[PDB]
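# Reading the structure
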2 protein chains.
Amino acid sequence: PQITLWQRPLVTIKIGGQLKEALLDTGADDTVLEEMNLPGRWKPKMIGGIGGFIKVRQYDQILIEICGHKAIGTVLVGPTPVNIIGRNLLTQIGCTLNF
Amino acid sequence: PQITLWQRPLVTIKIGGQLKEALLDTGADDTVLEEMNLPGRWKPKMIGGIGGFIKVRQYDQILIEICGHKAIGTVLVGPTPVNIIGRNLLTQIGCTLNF
Ligand SMILES: CC(C)CN(C[C@@H](O)[C@H](Cc1cc(F)cc(F)c1)NC(=O)O[C@H]1[C@H]2CO[C@H]3OC[C@@H]1[C@H]3C2)S(=O)(=O)c1ccc2nc(NC(C)C)oc2c1
């Protein structure tokens, strides 16, 4: 699809057998999801944003369906206020900005 | 232009007579710039993001040139780690996501 930006660019994702909404976020390098149950091993990480830093769990080679498109990559899980799809996954679904 | 997302979507802006780089950020509702000298009245505001909240100065009807396109709107100035162009200005320059 083409998505205009009059409203937040929210999409449906499926990850770890669960359905969620997430924000298509060109300002995010990495993908950050709110606390959820994901299987397997993970590595501690801290990431920074507008108000300071959070500790996240890093999960690698995680399958995610983003608006009907499949991608595999790194997902960070932790206290983000909103689920964020970052450029690591936006590049895999062929997402571009146009003006 | 069309912009792919293999690198951060940085653009040149001109604001308050000054040249800066800023991130085209679909995950940002509002436009947040690092401390800079802007003329005129402003209103205190606090905004939230991944790591907590910052206090910003809100400036209204501010002219900004974003990659050659002119827009007028609200700009928040404060301790953001990076200059962010949010949807309030992305809608004015006709910016869309496509996949
Ligand atoms: C500051 C930006 C450069 C990076 N951020 C992405 C930005 O799009 C971020 C996404 C976001 C986070 C959040 F907690 C709540 C939201 F509603 C929206 N937006 C953001 O700070 O915007 C703030 C401000 C903008 O106006 C309004 O719209 C949303 C609120 C609010 C104030 S980030 O902090 O969430 C972020 C996300 C993914 C990242 N991956 C990394 N990876 C490496 C570099 C560590 O860093 C990340 C940093």
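The coordinates are above.
This report concerns the structure included in the present document. (Residues numbered from 1 in each chain as written, not as in the entry; some residues may be left out. Chains lettered and ligands numbered in written order. Heavy atoms only, no water.)

### Brief notes about the packing of aromatic side chains
In this structure the tally under the stated criterion is 0 aromatic pairs over all chains. Over the ring of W42 of chain A we find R57 of chain A; its NZ or CZ atom is 5.9 Å from the centre of that ring. (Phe/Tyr/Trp six-rings, centres within 6.5 Å; stacked < 30°, edge-to-face > 60°. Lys NZ or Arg CZ within 6 Å of the ring centre and 35° of its normal.)

### With respect to the pairing of strand β5 (residues 43-49) of chain A
The side chains of a regular strand alternate between both faces of the sheet. Residues and elements named next belong to chain A. Sheet topology note: the β5/strand β6 (residues 52-66) ladder contains 7 bridges and is antiparallel. The partner of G48 across the bridge, within β6, is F53. What sits between the antiparallel neighbours β5 and β6 is a turn of 2 residues. (Pairing = 2+ DSSP bridges. Helix = DSSP H or I, 4+ residues; strand = E, 2+ residues; numbered from the N terminus.)

### Things to note about the site of the ligand
Around the ligand sit 26 residues in total, of which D25, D30 and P81 of chain A together with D25 and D29 of chain B are the nearest. Per-site note: the chains with residues close to the ligand are chains A and B. With respect to the ligand, the side chain of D30 of chain A contributes an N or O atom lying 2.5 Å from a nitrogen atom. Separating an oxygen atom of the ligand from a side-chain N or O atom of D25 of chain B is a distance of 2.7 Å. Protein coverage of the free-state accessible area of the ligand, which is 860 Å², stands at 87%. Counting atoms within 2 Å of the grid points, the majority share of the ligand lands in the largest pocket. When the residues that make up the shell around the ligand are grouped by side-chain class, the tally is 13 nonpolar, 6 polar and 7 charged. (Near = heavy atom within 4 Å. Polar contact = N/O pair within 3.5 Å; in protein donor to acceptor, adjacent residues only side chain to side chain. Areas by Shrake-Rupley, 256 points an atom, 1.4 Å probe, with all protein chains shown as cover. 1 Å grid on protein atoms, 1.4 Å probe; cavity = no way out; pocket = protein on both sides within 12 Å on 5 of 7 lines; lining within 4 Å. Sits in = over half its atoms within 2 Å of the grid points. Nonpolar A, V, L, I, M, F, W, Y, C, P; charged D, E, K, R; others polar.)

### Quick word on the interface of chain B and chain A
Residue-level contacts link 39 residues of chain B with 39 residues of chain A. For the pair chain B and chain A, the summed buried surface comes to about 3,600 Å²; carbon and sulfur atoms form 62% of the total. On inspection of chain B and its partner chain A, the count reaches 2 salt bridges. If you look at where chain B meets chain A, you find 23 residue pairs in polar contact. Put simply, the parts of the chain that give the side of chain B that touches chain A at least two residues each are β1 (2-3), β3 (18-24), β5 (43-49), β6 (52-66), α1 (87-90) and β9 (96-98) of chain B. Sheet topology places strand β9 (residues 96-98) of chain A next to β1 of chain B; 2 bridges connect them, and they run antiparallel. From the neighbouring strand, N98 of chain A faces β1 of chain B, where its bridge partner is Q2 of chain B. (Contact = heavy atoms within 4.5 Å. Buried area = accessible area lost by both parts, 1.4 Å probe. Salt bridge = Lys/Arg side-chain N within 4 Å of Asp/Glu carboxyl O.)

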